[PDB]
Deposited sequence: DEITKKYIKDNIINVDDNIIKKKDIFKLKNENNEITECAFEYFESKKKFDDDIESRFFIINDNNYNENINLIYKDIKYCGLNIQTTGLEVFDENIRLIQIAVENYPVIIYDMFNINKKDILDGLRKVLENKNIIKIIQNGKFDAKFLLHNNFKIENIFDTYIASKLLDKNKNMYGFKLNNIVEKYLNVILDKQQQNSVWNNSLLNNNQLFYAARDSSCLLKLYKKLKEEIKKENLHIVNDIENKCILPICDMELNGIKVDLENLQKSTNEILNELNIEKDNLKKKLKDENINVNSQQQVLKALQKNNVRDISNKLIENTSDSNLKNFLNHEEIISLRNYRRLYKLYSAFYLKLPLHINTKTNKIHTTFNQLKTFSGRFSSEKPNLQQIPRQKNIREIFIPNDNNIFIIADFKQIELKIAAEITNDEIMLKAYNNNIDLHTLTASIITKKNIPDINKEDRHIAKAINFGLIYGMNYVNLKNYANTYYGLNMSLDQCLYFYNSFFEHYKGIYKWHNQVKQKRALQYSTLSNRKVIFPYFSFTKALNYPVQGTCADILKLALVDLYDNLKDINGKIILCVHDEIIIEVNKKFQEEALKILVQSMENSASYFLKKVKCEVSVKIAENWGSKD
């Protein structure tokens, strides 16, 4: 239980660091915040020796923290950190460099005193063929900490101007809705009462069906009444205002005017990323909102987005010959499923058309039936398509891609309840859910590809001082000094394609890369 300070600093302790493998590093501090506190005790545990402790509040100057920094920066020595997302954050925040972080928490979450725990976790992950994903996550710990440290900078002037504008628009829409409803005594945010107000106004479907649910899907069916438009518009404006615009400035840390979110690695069932504080993942797609996120001055962003990542993992899982043949021809499946039922011709597909076709493709790939598909297409598109035509189209798609149909068959027959993705991320379902079963593998593989891409990205940008700032389920965006922007673009391409090659062998993945002044200008 040696305590290292100026009184008994002999410099011989550094000789212990020579030729070592494990070190159960765990730090202590005065609180939880990273920009407002400092490290009090750093504890390092070495096998066959008592835990050694360093206190930073009494040792000053340099030449004492030489062995510890050398061990930390070394890539050949593993650092066992309990919940290595807070301690590593503190270590990286200051002028300390840490590498080869191994977390027992991450390993534990991939299932069903640090020295013993490392073995008890490594042996159990090696017996389960989870070593690849565990290595990817442990090497991805550092990119997560880099994202948390950097955060993202906000264009406050545009944000506040837009907040005032949306406030005015919401005010006028509230006035219009209150005038139209002829009530002026009901909170428009109470669904249970506005639905009654709609009922007592003679609003019903053209098929003599009264309003029952106000969900936008059901709310569109009951159009042709000059009251549903007002409800939809207000609700959209009210969400755009309250949900994010009001709550965005309250999440900005002081003295840095940068949003420092919180990134979670295993709080999502499929292995994707959950941001439990201001959800930069949830920003509205429209560019006019994401234009408020900006680089630090004189720097620039690289943004990369996977090109139709899904339906490619599905293609390889299914061994569907026609799918892979089409992919080799560079034709979008989403655009095809658009043009088959929509405005004619392929090149006349816009972003909204591509999005609704994306919804249809994932629906019926994961199990959406032809009557629900009819409802979806009729609601979101002005087809007025009949049921028989929809059934014929459904059958045509399911027979055109024979591999897809055969896969659907086998998954329907089997009830193993155990599922996995291309990196052996095993899951035990509670009950056999058809669409959940079809959906787990593809999204899990997508998340694993994203994590490996991040790992390589951080391990490879070190030569040009590269920093990663955001990652939304398949898209990566990074900061690099403008002097090296083109190199950073090539860096991100190599960071993603190679990662894809580690999982998808048949179809060559592609990535859209862009040079961006904002998070919005994709």
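Quiz item: Where are the gaps relative to the deposited sequence?
Solution: Unobserved in coordinates, per deposited numbering: 1-56, 169-217, 628.
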